[PDB]
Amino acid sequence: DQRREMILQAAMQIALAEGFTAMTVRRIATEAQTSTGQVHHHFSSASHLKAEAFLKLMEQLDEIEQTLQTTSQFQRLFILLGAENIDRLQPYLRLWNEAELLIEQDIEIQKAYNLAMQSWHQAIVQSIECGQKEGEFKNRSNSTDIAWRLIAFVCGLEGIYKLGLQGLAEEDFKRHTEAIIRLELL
């Protein structure tokens, strides 16, 4: 189809710029420049169209991610973890975090989130095994265990920085992350 996917990118723009709470069947029918009723037509609910615009935008994240010229596999892993936080991807990472908080209210979003994370894991699993088969990383451990623990660590470092804890500086994020990568893989 064409009119459906053209609403899908209308969702995408509003999603990526103004988040989920601005994604109303009305306002995305407005910028798609169709009718509200045509939006009801394709997608079976607004929450279904919110999750569909998320998933397909995370797949936009990771496949603009496969295009960046990296120098080493360590550098490509650092970007994959989200630890580099480049500008071009900043808002895709914004939506990811909004989605993470909406998973208790909206199970379409909660389904989409669990699909994004599963691909994130297999994308890091693919970065580890590639660096290992190329002489860049060592084979200290199972690559699925490393990847689950690198996800654990980068998510856990965020959570602790959320607290305003005393004596824990946010400019040590890149430092602590890089350090856990050398321990696991270098």
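The first residue of the sequence shown is number 1, and the count goes up from there.
- Stretches 141-149 and 32-40 differ in mean C-alpha B factor, with the higher average recorded for 32-40.
- The deposited model assigns a higher average Cα B-factor to 63-71 than to the other stretch when 126-134 and 63-71 are compared.
- Across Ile103, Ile86, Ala116, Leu77, the entry's maximum B-factor at the CA atom is seen for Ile86.
- Sort the chain's modelled residues by C-alpha temperature factor and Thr177 lands in the lowest third, per the entry.
- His121 sits in the lowest third of its chain by CA B factor, as recorded in the PDB entry.
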